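Pasting in a structure now, in structure tokens, and then I'll have a few things to ask.
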Amino acid sequence: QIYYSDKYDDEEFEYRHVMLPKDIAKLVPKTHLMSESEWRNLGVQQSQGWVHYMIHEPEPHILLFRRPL
Amino acid sequence: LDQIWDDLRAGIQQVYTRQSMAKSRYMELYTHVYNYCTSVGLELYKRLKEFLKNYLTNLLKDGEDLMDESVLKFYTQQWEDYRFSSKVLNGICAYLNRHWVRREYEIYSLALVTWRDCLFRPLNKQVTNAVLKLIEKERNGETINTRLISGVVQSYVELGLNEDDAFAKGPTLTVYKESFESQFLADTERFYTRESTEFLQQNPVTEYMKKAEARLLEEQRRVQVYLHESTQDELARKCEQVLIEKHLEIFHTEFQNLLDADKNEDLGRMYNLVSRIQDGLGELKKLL
Amino acid sequence: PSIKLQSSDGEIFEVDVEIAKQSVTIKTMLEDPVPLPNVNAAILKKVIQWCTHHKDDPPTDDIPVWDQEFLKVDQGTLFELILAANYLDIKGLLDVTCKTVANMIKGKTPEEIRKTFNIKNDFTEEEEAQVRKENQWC
Amino acid sequence: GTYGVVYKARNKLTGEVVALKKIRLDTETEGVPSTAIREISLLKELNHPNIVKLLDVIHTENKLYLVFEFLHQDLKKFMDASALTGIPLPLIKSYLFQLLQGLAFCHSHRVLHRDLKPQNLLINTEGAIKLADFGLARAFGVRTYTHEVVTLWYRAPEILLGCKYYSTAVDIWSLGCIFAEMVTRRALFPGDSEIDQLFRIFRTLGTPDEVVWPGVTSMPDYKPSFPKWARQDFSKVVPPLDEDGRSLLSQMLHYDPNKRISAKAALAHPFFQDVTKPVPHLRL
Amino acid sequence: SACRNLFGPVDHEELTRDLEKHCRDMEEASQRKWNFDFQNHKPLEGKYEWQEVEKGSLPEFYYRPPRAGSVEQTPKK
Amino acid sequence: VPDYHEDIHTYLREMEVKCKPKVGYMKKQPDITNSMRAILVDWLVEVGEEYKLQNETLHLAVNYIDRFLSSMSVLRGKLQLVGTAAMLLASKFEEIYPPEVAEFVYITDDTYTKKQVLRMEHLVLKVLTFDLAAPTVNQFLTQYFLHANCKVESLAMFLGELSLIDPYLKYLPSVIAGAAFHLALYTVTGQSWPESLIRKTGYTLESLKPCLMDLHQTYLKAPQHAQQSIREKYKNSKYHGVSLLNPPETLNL
Amino acid sequence: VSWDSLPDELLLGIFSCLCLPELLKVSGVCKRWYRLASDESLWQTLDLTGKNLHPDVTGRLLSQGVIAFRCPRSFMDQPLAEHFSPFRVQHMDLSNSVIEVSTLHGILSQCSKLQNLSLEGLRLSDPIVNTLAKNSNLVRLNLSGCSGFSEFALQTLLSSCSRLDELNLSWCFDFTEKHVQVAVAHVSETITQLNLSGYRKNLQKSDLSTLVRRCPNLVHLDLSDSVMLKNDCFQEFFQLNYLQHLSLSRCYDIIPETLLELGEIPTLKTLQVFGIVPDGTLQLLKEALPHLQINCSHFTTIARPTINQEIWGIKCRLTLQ
């Protein structure tokens, strides 16, 4: 269900995005974005330091994280 | 403006010392007030405050300096008339209260504040002393004109200062507590302490108990017809602490001898009295 | 009972006390032929009609259609009517007139608004560019 | 498995290519589909060598028959066959010439395709290529139209950033993507979703900004917290291609729609004015 | 307000007969020029060599349908 | 970009002559009159307004109505179903989210079944032979407006629709469009037909004099006409309420 | 009729029925209307959700008398050039905005009556927090994800602020044992809701003990991703008395079974324990302590202004849709 994406990076940060199924995606808050504890509770599984930093209005079921180098 | 001010002042002179003017005059005054506030009425507010201070000082000059029994029949009348006429005046200048006093002082509250500054005159202690003298008829004498007391009591209740303290909440009895209740309670204690002892030194204790109960019921009734309701508890506590709670040893002796006597009824009244006070029955049960 | 309300020119319209009670000023005056030298009969009759229509109220933003058609009248009377409502200090009537004027201003440009309201523009031709510069972020 | 039935006819004709198409019509659901009506009305009005021709319309009680024009091979399978060999440059130039001619005609006649992709381009055994799939056509006079276009692989930054007017410059973007794709046998922008698509476009052509794209910051779905990438050298993006073709691609995948060349303007390129007409080398 | 009539209901089976007699015009010309049984999805004697070409030959467009431990790190998939 | 504007203009000028219906067709109908089609088109504009559709839908619907009646006769009761089918066709061709057949078989007060609507749908497709991309005036007006304030356009479309209410069918849609544009421009601000239009479309004022005076006189007679649904609809502020202005009594041509 | 004869109160009454674009539009009519377009009574509650803008524009707007200034996820990466007076804003929301350190320092060196705040996701610094120390009236606060300040600055801030009702010092990715120590040492005594998650190898036993023996009024607590919490921590919570909402999610050093003891605290209502409890055993926990709610609120609530466009129950009237 949870589909991850490859790492694409610029000269200073390094990124990733993650898709969600319908049941999980129905949970995301549309007012404030999240924090590491929040999305780990959601059910994401990855390293330490990734920061949720954007919401895309047309498609809410996609999350965008980043973490510095 | 100026031309408005003369007629307005004359009209306000008319509203005080009321002669029940006609609604045409009142609409003329209201229209003047509304007209000036459309062209921002700080200046008119200042003039109103000035005029009230002047008039009330002049009224104080006369009628004062009586010291008893006539400071009341003067003060209650003046307070009543001034309150009514000031209420009407607040009615007239109602346009200020909506559009300039809202950016901060209502006219009625200003009038009450000025009358309060008339209260902090010898007119404060004199009237209280005279009321105490009149209620010195706690002994007897159906000459207590309750309309000469309830007016002052209500005035003391009302004048609780409110000028932007927080807001109009409800009962503001600060002035009542700090300028009338204390003296009343102290005098009550003093008089009862004197009379109870002098009566004890001449009579058997049964009549003392009867008189104590009678005075208790009388002083519970008295508050319901004279004073503000937030007074019953403290007065009851003090009158109990004076009429009883300070002759318990005499109570013990009479308790012993009434057990030597054959009265089961002073039993009941004694029980009611001692129950009115704390922890009495233990000494009653123990010698029992 | 009833009260004899006299306009600025004698058009005495006898009106129920419970109807005139709607106006706060008259309410407080009655609390303790009455001329109202700031209202003529033309406005007074319409005010009485409106009050009688709202006499039994409980006591955008969903303007009632009765008032709306009652307000479907030209400019000068609207101006005089707002002033009369302020002078007598009636809440709902002043509110609805203000709301109608607001909705009627909606849509037009500064030129059109300035034209329709007979507003005398001033301090212009050199600073309006600056004031619009203050408002790009709109 | 792989259900369907087709029919042909080869009796006496030079342009003897025919094929029958039947489209189901459910009796009581919206009736005739809007796509069918748009297709038929916009198709029986155009005629051109680089466009599939319609010959007749047959309307039964519950089915529709369209006598299209048969043709041999599309582009996806043709590139898949030559996926390791590459495509001859003159053949590419001829294909691009025919595509540009067809686009010029369609846009002159007020018709928008909006659905161009290699899967809808049909080639003949003589080098001639023609368009198809006019079910998404619409007659534009520019208003605000429908907000669903070709495919996430071939959309344009006009639609992805949710613009309101998408007048006839999106087909140019799709054509450019197809051209670079067949040149390198790789789709330039293999998006997973819209965000992956935008991030890939940025990675290839650098982050847009007011200098590059005027009025980009005010688009409904722009957020300047995007990654700050730089426009890579356009060379290694399209290695096997010369300088003049690079110029044409650079001025045919430009961000701003106004600064994006049209069809007839593109017909006059040097790179392009050199014109051949070979034939396909493999079976069709 | 827009819910209005103009003339009341009118006869209908005459409409059905009229429209179906209308539709009997693409029955002689259809057989003539295209020599195919369109109404029955059947081919005919000829003049148009009818075959059933296999699906992999012609491009797909001609038949396309319409529309303690448990540490905090990354576990690869 | 003007890279295609003149080409599209020329192409439309070419198309408009192929789809022009017959003028004297109306008498051929045994039991229908021009007044009756006027009532039908009035109902039509009412429907088009209340469903919140576009006016180009109305123009295409009336064009299909004309090319159908001018090429086929029918008894009295069927004009309503014909109009509904024309609405369906125009909406599906043009408008983004077309209303369903249920709404149309409802707005006729449930007087006809869905299947008859489908059958006459087949019929109208048959007689038209799937030729629905016809040109109409609004495209010409929108092209003209490029060479101006919103009131001008509101009045222009007003005059055009008043024309399509019912003697104008002699003139081509470009002709009516030009005459309405000139008259509305004069009425709103007195400006005259610019030279660039004469360069582009080739029309001059003299060539459009008859339709221009017809539009003037019918504009005068319109406020007292028996039907004013268009008038009350353009009373709305969306169109700047411009249906209430005065029809000029004499022009300065 | 000359409508320029209207009184100011009626003109304000008229203006108070508009929407922000039109109120901006009417400002350009005549000098009097220009005055009345900014009269500190229409500008109570503003809103600039995500709308890009510029520091001087926002400074002028705040100086006009804003109270409830809501501006989440808007970008201001440009220098601030003008001086102002001390502002009057009370409920300032700036979460997630891409803003510059110098600009944020400039804008915060003016506000001093801040009754509430939120600085989620931003990056702060020593002058930032030093200036922020002046707000001796902060009912709430938030610093989630922020990073950069130092121990001395943190202790000065927390000592200066006393009335602080709820704190959320979460997930900062540059703290150390020193930072968390000074936080728990100098936190105020009124804290109703507190969150200190994230600090995996920095939250230690003595720290939690000091916290619980200092602040007795914690109603909502959470210590997620703390890996050094044990049984004695559980009894530390038993010394607490009003803990209605706990969450020890992903606390890896804890057996699932000792959690049954937690229900013995009387006033508990919720417990979010994601990560430790394996599947199936959740039913075991529920049946073991069925007087609670386990794993039912995925998202925090500690000083998050919005959870619906209303900031902290306050509704904004001037808006941009």
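So that you can tell them apart, the chains are marked A, B, C, D, E, F and G in the order they are listed, and the count of residues begins at 1 in each.
As a working rule, a contact is a pair of C-beta atoms (placed from the backbone, for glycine too) under 8 Å apart; a residue touches a chain by one contact, two chains touch by 3 or more.
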item: Chain occupying the most central position, where position means C-alpha average; value: G
item: A-D or E-G - the one linked by more C-beta pairs in contact; value: A-D
item: Whole-Å gap between the CA centroids of chain B and chain G; value: 51
item: Chain B-chain D separation of Cα centroids, rounded to whole Å; value: 96
item: Centre distance in Å when chain C and chain F are each reduced to the mean of their C-alpha atoms; value: 44
item: Junction residues of chain A, two or more chains touched; value: 53
item: Where chain G touches two or more other chains, by residue; value: 7, 225, 250, 275
item: Chain E-touching residues of chain A, taken from the complex the two chains share; value: 4, 45-48
item: Footprint of chain C on chain B - complex, ascending; value: 23-24, 26-28, 30-31, 34, 87-88, 91, 94-95, 98
item: For the chain D and chain A complex, residues of the former touching the latter; value: 162, 192-196, 199, 203, 221, 223, 225, 227-229
item: Chain D contact footprint on chain F (complex, rising order); value: 1, 3-4, 7-8, 11-12, 56, 88-89, 92-93, 96, 98, 100-101, 114-115, 118, 121-122, 125-126, 129-133, 138-139, 142
item: Complex contacts: residues of chain C adjacent to chain B; value: 24-25, 28-29, 31-38, 87, 89
